[PDB]
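This report refers to the structure that appears directly beneath it.
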Amino acid sequence: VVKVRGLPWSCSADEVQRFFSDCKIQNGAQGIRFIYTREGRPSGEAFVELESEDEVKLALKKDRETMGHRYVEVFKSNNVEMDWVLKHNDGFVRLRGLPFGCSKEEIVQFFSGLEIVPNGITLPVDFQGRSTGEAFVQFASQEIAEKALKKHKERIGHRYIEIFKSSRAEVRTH
């Protein structure tokens, strides 16, 4: 059990196997289990199933290896962590592809109508410190969040802010 982060949303199961060629992935391609959202799309974070305990060190070795044009975070995990995953009531919204220096003030001004819960915007950072380009948003109600989803690609600066219906589980994993 080796948790992965920063993987692309348009990647294949063989791409992570080719990325982790040094390691012998248990249960072939089935072992490289992706973590999906409530919408169904892949999150960007995966759950790799390393066969041997010695291969875990070989897996963790590529902690900041460049998969094309981005850094991939690699971290050790427990089998219990993999079991507790929710993919398939909640007022969460997965925001994706945001301007570089995008502020919480910019995001609140964007959804000027739909109410956000206190400190709703939970904008996460990469291991280096920079913003991931994605964000979260806990609205006051699920019905409020549903309305937010209607603006699924409005321009913020010069970016179609892709909005997806997420959950608290995805927010806790980030």
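Following the order of the structure tokens, first chain is A, next is B, and so on, with residues numbered from 1 inside each chain and ligands from 1 in the order they appear.
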(request) For region 85-88 of chain A, list every protein, DNA or RNA residue within 10 Å, evaluated using only C-alpha atoms, and leave out those in the same chain fewer than 4 positions away; present the list as an NGL selection string. (result) :A and (34-43 or 47 or 80-81 or 166-170 or 173)
(request) Tell me, as a list in words, which residues lie within 8 Å of residue 31 (chain A), counting only C-alpha atoms; anything in the same chain fewer than 3 positions away does not count. (result)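 Those residues are residues 25, 26, 27, 28, 48, 49 and 50 of chain A.
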(message) Just want the 12 Å neighbourhood of residue 102 (chain A), counted on only C-alpha atoms, with same-chain residues fewer than 5 positions away dropped. Output as a ChimeraX atom specification.
(response) /A:95-97,107-110,121,123-124,130-135,156-159,161
(request) Using backbone DSSP assignments, extract all alpha helix (DSSP H) residues from region 69-106 of chain A; output them as a PyMOL selection string. (result) chain A and resi 79-83+104-106
Please report as CSV every residue of region 92-166 of chain A lying within 10 Å of region 60-79 of chain A, along with the nearest atom pair and their distance in Å (one decimal), using only C-alpha atoms.
```
residue,atom,partner,partner_atom,distance
A:126,CA,A:73,CA,8.7
A:127,CA,A:73,CA,7.5
A:128,CA,A:71,CA,9.7
```
(message) Please extract the residues of chain A with a backbone DSSP assignment of strand (DSSP E or B) and present them as a VMD selection string.
(response) chain A and resid 2 to 5 25 33 to 36 42 to 48 50 64 to 66 71 to 76 92 to 96 116 125 131 135 138 to 139 155 to 156 159 to 160 162 to 165
(request) Rank nothing, just name the residue among A:46, A:148, A:98, A:58 nearest to residue 160 (chain A), using only C-alpha atoms. (result) A:98
(message) Quick check, in Å to one decimal: how far apart do CA of residue 116 (chain A) and CA of residue 172 (chain A) lie?
(response)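 Distance reported for this atom pair: 17.8 Å.
Across A:2, A:114, A:140, A:93, the tightest approach to residue 162 (chain A) is made by A:93 when counting only C-alpha atoms.
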(request) Name the closest residue to residue 92 (chain A) among the candidates A:4, A:163, A:23, A:137; distances are taken between atoms, counting only C-alpha atoms. (result)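 Distance minimum relative to residue 92 (chain A) lands on A:137.
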